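Asks: Please read through the structure below; I'll follow up with questions.
Please treat every number below as a calculation from the coordinates, not as lab data. Quick reminder, even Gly has a Cβ in these numbers, built from the backbone with ideal geometry, and neighbours come from all protein chains shown.
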Amino acid sequence: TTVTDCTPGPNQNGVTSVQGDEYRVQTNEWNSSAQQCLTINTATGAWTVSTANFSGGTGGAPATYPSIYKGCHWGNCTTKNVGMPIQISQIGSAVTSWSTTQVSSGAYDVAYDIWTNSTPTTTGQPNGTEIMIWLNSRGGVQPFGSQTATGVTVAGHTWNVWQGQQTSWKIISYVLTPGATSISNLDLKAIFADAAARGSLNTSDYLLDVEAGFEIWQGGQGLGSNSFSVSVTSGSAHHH
Ligand SMILES: [Cl-]
Ligand SMILES: [Cl-]
Ligand code: NA
Ligand code: NA
Ligand code: NA
Ligand code: NA
Ligand code: NA
Ligand SMILES: [Zn+2]
Ligand SMILES: [Zn+2]
Ligand SMILES: [Zn+2]
Ligand SMILES: [Zn+2]
């Protein structure tokens, strides 16, 4: 039940189904051909960056974003107990937990990447909002855009907020302050409400996916995911 995927970027994505295809793990080396290997437990969904040593500057785009997700990434979709796509305004609840393993070397973030879109499906780049949630970072890396709030309270935690404009979507990043290696029962509905209040999210958009992993600029070996869960609910109770 343990698989190792080194699919080289920048144009190939290696995608591994885990936990009955409730989640998928992707190499997603979207900006590099440097060696990157993931080791993935398909029963538990745990994974590790077992081989990586990225080099380059700490500015601009990262080399890679190896990640686990529920929902659709560029048309590659999970198939069990999904709850997405769903219009943000129609979400009943949305909760996630993530436990990570970090290394005190290199330059990276430890981040959720959450996509929204005007229509419920897309084959490519979402056109709504990218919501990032940085549990931690090191090595001097910073979020896209500009810091627009400092030490704000959202969904029971304290954050700095960064907002930016990409070519066809808006980005908002919640930077946990101080950083940590895990988060439990994070209320994404509360995050979405805040992002809408701050002008970064149209709540008529569809939520496409919830991803978590590491944007890596330098290093990367030994970063990992111990456990990951996403629950997005809708509809009413009904048994047959
Ligand atoms: Cl910007
Ligand atoms: Cl689950
Ligand atoms: Na499940
Ligand atoms: Na660079
Ligand atoms: Na980024
Ligand atoms: Na991004
Ligand atoms: Na809530
Ligand atoms: Zn990708
Ligand atoms: Zn906290
Ligand atoms: Zn905690
Ligand atoms: Zn905490």
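Asks: Within the range 184-228, restricting attention to residues that are more than 30 Å from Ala34 (Cα to Cα) and of a type in the set (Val, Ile, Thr), which residue is farthest from ligand 6 (Cβ to nearest atom)? Please lay out each step first, then the result.
Replies: Filtering the range 184-228 for residues more than 30 Å from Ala34 (Cα to Cα) gives 184-207.
The next check asks that each one be of a type in the set (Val, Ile, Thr); those that pass are 191, 203.
Numbers: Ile191: 16, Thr203: 21 Å.
The residue in question is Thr203.
Asks: Name the one entry in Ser225, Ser231 that is assigned to a strand (DSSP E or B), polar (S, T, N, Q) and under 18 Å from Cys72 (Cα atoms). Full working, then the answer.
Replies: Values: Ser225 fails: under 18 Å from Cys72 (Cα atoms).
Answer to the selection: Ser231.
Asks: Output the residues belonging to the range 21-72 that are on the phi > 0 side of the Ramachandran plot and either aromatic (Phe, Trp, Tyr) or within 16 Å of ligand 1 (Cβ to nearest atom) (or both).
Replies: Across the range 21-72, the qualifying residue is only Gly60.
Asks: Out of everything in the range 167-184 that is more than 13 Å from ligand 1 (Cβ to nearest atom), assigned to a strand (DSSP E or B) and not β-branched (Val, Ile, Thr), what residue ends up being nearest to the chain's Cα centre (by Cα)?
Replies: In this case the residue turns out to be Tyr174.
Asks: While we're looking at this one, here's another question. Any chance you could count how many residues in the range 16-67 are within 16 Å of ligand 3 (Cβ to nearest atom) and over 16 Å from the mean Cα position of the chain (by Cα)? First the steps, then the outcome.
Replies: The first filter runs over the range 16-67 and keeps only residues within 16 Å of ligand 3 (Cβ to nearest atom), leaving 17-25, 41-46.
Add one more test, that the residue is over 16 Å from the mean Cα position of the chain (by Cα), and what stays is 17-21, 41-44.
Total satisfying the criteria: 9.
Asks: Just for the range 70-94: of the residues that are in contact with a helix residue (DSSP H, G or I) (Cβ under 7 Å, 6 or more places away or on another chain) and surrounded by fewer than 17 Cβ atoms within 10 Å (Cβ to Cβ), which one is farthest from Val18 (Cα to Cα)?
Replies: Going through the qualifying residues, I end up with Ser93.
Asks: A further question follows. Name the residue, out of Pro126, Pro85, that is under 30 Å from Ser236 (Cα atoms), in contact with a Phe, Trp or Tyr (Cβ under 7 Å, 6 or more places away or on another chain) and more than 15 Å from ligand 5 (Cβ to nearest atom). So that I can check it myself, show each step before the final result.
Replies: Numbers: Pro126 fails: more than 15 Å from ligand 5 (Cβ to nearest atom).
The match here is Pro85.
Yes or no, residue by residue, for (1) part of a loop (DSSP other than H, G, I, E, B); (2) more than 15 Å from ligand 2 (Cβ to nearest atom):
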{"position": "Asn13", "(1), (2)": "yes, yes"}
{"position": "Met84", "(1), (2)": "yes, no"}
{"position": "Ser89", "(1), (2)": "no, yes"}
{"position": "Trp98", "(1), (2)": "no, no"}
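Asks: Name the single residue, out of those in the range 68-78 being in a loop (DSSP other than H, G, I, E, B) and farther than 9 Å from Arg24 by Cβ, that is nearest to the chain's Cα centre (by Cα).
Replies: At the first step, the residues of the range 68-78 found to be in a loop (DSSP other than H, G, I, E, B) are 74-75, 78.
So of that shortlist, the ones also farther than 9 Å from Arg24 by Cβ come out as 74-75.
Numbers: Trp74: 14, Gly75: 16 Å.
It comes out as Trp74.
Asks: For residues that are in contact with a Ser or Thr (Cβ under 7 Å, 6 or more places away or on another chain) and within 26 Å of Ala61 (Cα to Cα), tally how many sit in the range 172-191.
Replies: We begin by selecting, within the range 172-191, every residue in contact with a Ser or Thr (Cβ under 7 Å, 6 or more places away or on another chain); these are 172, 177, 179, 181-186, 188-189.
Narrowing further to those that are within 26 Å of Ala61 (Cα to Cα): 172, 177, 179, 181-183, 188.
The number of residues fulfilling the criteria is 7.
Asks: Whether any residue in the range 136-146 is at positive phi and either within 16 Å of ligand 4 (Cβ to nearest atom) or touching a helix residue (DSSP H, G or I) at 6+ places or on another chain (Cβ under 8 Å) (or both) is what I want to check.
Replies: yes
Asks: Can you tell me how many residues within the range 123-166 are outside any strand (DSSP E or B), within 21 Å of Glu215 (Cα to Cα) and free of Cβ contacts under 8 Å to residues at least 40 places away in the same chain?
Replies: 5
Asks: Still on this model: Looking at the range 179-197, I want the residues that are free of Cβ contacts under 8 Å to residues at least 12 places away in the same chain and of a type outside the set (D, E, K, R) and have a partner that is within 13 Å of ligand 9 (Cβ to nearest atom) and part of a strand (DSSP E or B) with Cβ atoms under 9 Å, at least 6 apart or on another chain. Which pairs are those?
Replies: Partner pairs satisfying both residue conditions: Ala193/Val154.
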